[PDB]
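Chemist: The data below comprise the sequence and an experimental structure of the protein.
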Amino acid sequence: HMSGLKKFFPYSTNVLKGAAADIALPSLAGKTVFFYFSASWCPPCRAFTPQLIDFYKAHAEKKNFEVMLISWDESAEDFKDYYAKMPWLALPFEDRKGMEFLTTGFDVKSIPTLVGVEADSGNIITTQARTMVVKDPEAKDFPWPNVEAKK
């Protein structure tokens with residue numbers, strides 16, 4: 001029952017997929033999951049989002065991963081407009097305390113940030129996936145464990 005992955009969600013059960021709000025964690029079984037910390041008020045986020053969408057189109061089926069928006073937006077309206085541009089999942093905006101839990105858990109101090117985790121185990125791969133989407137657009141070294149090792 002996705003115990004490892006459940007550890008990331010103390011206050012949500014199902015998450016969003018477009019207009020649907022009934023996506024359950026077991027649907028992510030066997031995949032890599034990326035938490036995308038982002039907001040519509042952030043210029044580099046607005047520019048990185050389309051790069052991440054290009055990467056998702058190219059590799060999200062073959063490399064077997066999913067993306068979930070963890071929003072730093074200032075309002076429900078901003079969240080709705082921004083998330084509507086995206087093809088992936090989102091932690092519901094209403095779960096602000098859950099967004100805080102993940103933000104501190106991964107020591108996210110700025111955005112955009114992209115964190116990779118294993119769905120089955122719940123283990124962490126890297127917190128520096130944003131760098132790699134840009135540097136490795138063909139996904140040759142995906143999912144990039146321990147990018148943190150770099151100088």
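Modeler: Received, thanks. Numbering: from 1, shown residues only.

Chemist: Can you list the helices and strands that the helix ranked longest in the chain packs against?
Modeler: In the chain, ranked by residue count with DSSP state H as the criterion, the top helix is helix 43-59. Contacting helix 43-59 under the criterion 3 or more C-beta pairs under 8 Å, 6 or more residues apart in numbering; DSSP states H and E are the following elements: strand 32-38, strand 65-71, helix 129-135. (C-beta placed from N, C-alpha, C; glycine too.)

Chemist: Buried deepest among those, which one?
Modeler: Among the helices and strands packed on helix 43-59, judged by mean count of other C-beta atoms under 10 Å, the one packed with the most neighbours on average is strand 32-38 (a mean of 24).

Chemist: measure the most centrally placed residue in the chain to residue 98 for me?
Modeler: In the chain, the C-alpha nearest the mean C-alpha coordinate belongs to residue 35, at 2.1 Å (C-alpha atoms, centre = their mean). For residue 35, the distance to residue 98 under the criterion C-beta to C-beta, to the nearest Å works out to 11 Å.
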